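Only one chain is shown below, in structure tokens, and it's the form deposited in one PDB entry.
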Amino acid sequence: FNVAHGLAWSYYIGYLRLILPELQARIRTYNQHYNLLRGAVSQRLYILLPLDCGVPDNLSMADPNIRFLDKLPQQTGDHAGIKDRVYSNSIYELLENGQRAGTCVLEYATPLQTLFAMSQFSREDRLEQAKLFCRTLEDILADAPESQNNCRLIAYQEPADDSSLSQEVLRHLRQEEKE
């Protein structure tokens, strides 16, 4: 109950509070200096929350239609001993019927792999802690001033290896255009 609470706050306090306020400027810099009226990167950080807590230690999205396209201009800031601590972010192209249907900054919510490491608790405890985590992070980001149409939490659960994350994400980017 509290592991998930504490991880949400720490993720917000140790990471999002630091990268969110400048994300939208880095994104416009890319969108100018680089880059099609559909291939413009969404002005939002999209945060992947596998409910099964299986966050890959690489780029594997398992969704043939989510591909790495470019890195974002890196932000640098001093933080907690580390001079010019670098903040790396990655842009992904989203495809529908083999065509590029949009583009966004994507990454996984890494505190979840700590819940995975603690269940691999039981698998049902894993799931409830992932939900609590999502619900806490959503509420933190709601009252958080650094969070103003710059952040979307994509929580999902694939029922098997053979069962469309791309479509899910794509819906969120469509709703951005129609707004």
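We call the rigid core the largest set of C-alpha positions that still match within 1.5 Å between the two forms. Residues carry their position along the shown sequence, with the first being 1.
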property	result
Unresolved residue 168 in a third or more of other entries flanked by modelled residues	no
Residue 100: gap in at least one third of other compared structures	no
Size class of the missing deposited segment between residue 120 and residue 121	4 to 9
Residues of the deposited sequence that sit between residue 36 and residue 35 yet are not modelled	1 to 3
Residue stretch of maximal mean CA temperature factor, 136-144 vs 59-67	59-67
Higher-scoring stretch by recorded Cα B factor average, 147-155 or 26-34	26-34
CA B-factor ranking of residue 113, expressed as a third of its chain	lowest
Residue 74 - Cα temperature factor, lowest/middle/highest third of chain	middle
Residue 99, C-alpha B-factor rank within chain (lowest, middle or highest third)	highest
Residue 130 - Cα temperature factor, lowest/middle/highest third of chain	lowest
Third of the chain, ranked by Cα B-factor, where residue 51 sits	lowest
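One more form of this protein should be noted, the form deposited in another entry, which is absent from this view; the next part is about it.
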{"item": "Sole residue of 140, 127, 61, 134 shifting 2 angstroms or more in CA between this form and the one not shown, core aligned", "value": "61"}
{"item": "Inter-Cα distance between residue 61 and residue 12 in that other deposited form, nearer or further [3 Å or more]", "value": "farther"}
{"item": "Residue 134 and residue 61, C-alpha gap in that other deposited form relative to this structure (3 Å or more)", "value": "farther"}
